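Student: Numbered by PDB author numbering, the letters in the sequence shown go through residues 1 to 36, 46 to 148, 163 to 298 in order.
One structure is given below, represented as structure tokens, and several questions about it will come after.
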Amino acid sequence: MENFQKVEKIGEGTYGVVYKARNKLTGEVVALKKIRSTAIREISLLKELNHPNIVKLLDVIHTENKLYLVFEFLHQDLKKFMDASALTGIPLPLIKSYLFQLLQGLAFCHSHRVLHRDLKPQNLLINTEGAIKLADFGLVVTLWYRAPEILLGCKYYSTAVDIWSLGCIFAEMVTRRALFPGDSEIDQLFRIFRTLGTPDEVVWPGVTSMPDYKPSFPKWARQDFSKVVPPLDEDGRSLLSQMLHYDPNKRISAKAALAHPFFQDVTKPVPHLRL
Ligand SMILES: N[C@H]1CC[C@H](Nc2nc(NCc3ccccc3)c3ncn(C4CCCC4)c3n2)CC1
Numbered sequence: 001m002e003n004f005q006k007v008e009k010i011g012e013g014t015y016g017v018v019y020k021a022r023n024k025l026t027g028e029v030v031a032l033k034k035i036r046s047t048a049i050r051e052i053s054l055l056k057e058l059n060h061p062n063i064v065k066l067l068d069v070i071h072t073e074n075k076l077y078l079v080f081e082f083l084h085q086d087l088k089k090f091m092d093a094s095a096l097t098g099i100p101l102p103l104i105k106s107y108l109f110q111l112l113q114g115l116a117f118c119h120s121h122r123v124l125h126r127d128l129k130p131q132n133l134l135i136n137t138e139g140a141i142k143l144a145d146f147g148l163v164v165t166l167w168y169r170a171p172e173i174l175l176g177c178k179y180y181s182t183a184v185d186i187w188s189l190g191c192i193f194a195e196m197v198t199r200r201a202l203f204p205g206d207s208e209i210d211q212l213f214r215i216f217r218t219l220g221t222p223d224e225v226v227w228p229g230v231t232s233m234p235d236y237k238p239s240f241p242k243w244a245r246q247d248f249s250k251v252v253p254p255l256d257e258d259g260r261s262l263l264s265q266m267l268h269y270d271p272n273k274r275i276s277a278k279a280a281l282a283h284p285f286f287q288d289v290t291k292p293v294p295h296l297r298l
């Protein structure tokens, strides 16, 4: 520290606060995450994880107890953007450009066996150029984007949890209302089951053996995708249902998703934003 002037608190992060600040010497505006040995380690791989779709971890000043993370500074997050576009909605070409880049980022860190684990509109940042970046990785909290295997007690979940979370984000950008706005784990799970149908050994081998599966869960039918994501076209739905498959193994990878016919016509338009 001491070389940074906390300009303004801009949020509450995963394990610490986040401030907008000037590098008292450089003059450049940056983003700080203040937080509360194995750690420093997982952070090392983070500095050498450069991709146009991942926020840039600039420095890591570890000065006695308090540990700071210095990131490049981004213009705005996706929740705010969505909030600001609620009356008209986000134009498809843009919704499409963003999904494409995000999948590019995911494909990248999945290659390096790094998962995000907590993907959401608030952990996605954008700039005036039309780029979107994945932010705040992992190791009154929200559960709407939780994959079903995590809610069922799987302790060794894969990179597929991210595809699921992205799947939920995709739908929300198209319909403008969260897909599964649960308020408790069991509530979350039931909203999922009431839409995609209650999973059984047929669609999810091993599901009934999961730590938190109860033979007593109600048995709901699976709802038509025409009703769930109405304005989305058929290519969009193919993809959405493949990102939302119960079985983590049959759930589509980031790599494959990038080749889905839904992206044939993907362009890179710029957003109109109020900073
Ligand atoms: N869980 C989340 C908690 C809040 C955190 N927010 C947040 N907001 C940013 N910009 C938004 C902005 C713009 C203008 C005024 C006010 C705010 C930002 N830029 C880099 N970071 C990093 C620091 C962390 C990495 C990204 C940011 N984190 C993001 C993570």
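For each residue, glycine too, the CB sits at the ideal point set by N, CA and C.
Tell me which residue opens and which closes the alpha helix (DSSP H) that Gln-5 is part of.
Tutor: For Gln-5, no alpha helix (DSSP H) encloses it; the enclosing beta strand (DSSP E) starts and ends at 4-12.
Student: Please classify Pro-222 as buried or exposed, where buried requires at least 16 other C-beta atoms within 10 Å of its C-beta.
Tutor: buried
Student: Let's see if you can read the secondary structure: which residues bound the alpha helix (DSSP H) around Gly-259?
Tutor: 257-266
Student: Quick check on the burial criterion: 16 or more other C-beta atoms within 10 angstroms. Buried or exposed for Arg-169?
Tutor: Counting Cβ neighbours within 10 Å, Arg-169 comes out buried, since at least 16 surround it.
Student: Which one of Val-30, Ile-63 and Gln-113 has the shortest CA to CA distance from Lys-9?
Tutor: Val-30
Student: Please state if the CB of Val-289 and the CB of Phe-109 are separated by a distance shorter than 8 Å.
Tutor: yes
Student: So for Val-230, helix, strand or coil by DSSP?
Tutor: helix
Student: Apart from the five residues on each side of it in sequence, which residues of its chain come closer than 7 Å, Cβ to Cβ, to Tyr-236?
Tutor: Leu-175 and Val-230
Student: Grab me the residues of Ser-264's own chain with a C-beta within less than 7 Å of its C-beta, minus the 5 sequence neighbours each way, in chain order.
Tutor: So the qualifying residues of the chain are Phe-248.
Student: Check the DSSP bridge columns for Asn-23 and list the partner residues they point to.
Tutor: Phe-4
Student: Using C-beta distances below 6 Å, list every residue in its chain close to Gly-98, excluding the 5 sequence neighbours before and after it, in chain order.
Tutor: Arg-199
Student: Under the DSSP definition of a beta bridge, which residues are partnered with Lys-278?
Tutor: Paired residues: none, contrary to the question.
Student: Can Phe-82 be considered in contact with ligand 3, in the sense that its beta carbon sits closer than 7 Å to one or more heavy atoms?
Tutor: Ligand 3 is not part of the structure shown, which contains ligand 1 as its ligands.
Student: Within a Cβ cutoff of 7 Å, which residues of the same chain sit near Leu-202, ignoring the five residues on either side of it in sequence?
Tutor: Taken in chain order, the residues that qualify are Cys-191, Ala-194 and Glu-195.
Student: Quick test of the definition: if touching needs 3 or more C-beta pairs under 8 Å, does the stretch 115-123 touch the stretch 174-188?
Tutor: These segments touch.
Student: Report all residues from its chain with a CB closer than 7 Å to the CB of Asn-3; omit the five preceding and five following residues, and keep chain order.
Tutor: Non-local C-beta neighbours of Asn-3 in its own chain, meaning closer than 7 Å and more than five positions away in sequence, comprise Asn-23, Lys-24 and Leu-25, ordered along the chain.
Student: Spatial neighbours of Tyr-107 within its chain, please: CB distance less than 6 Å, with the 5 preceding and 5 following residues excluded, ordered by chain position.
Tutor: These residues qualify, in order along the chain: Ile-141.
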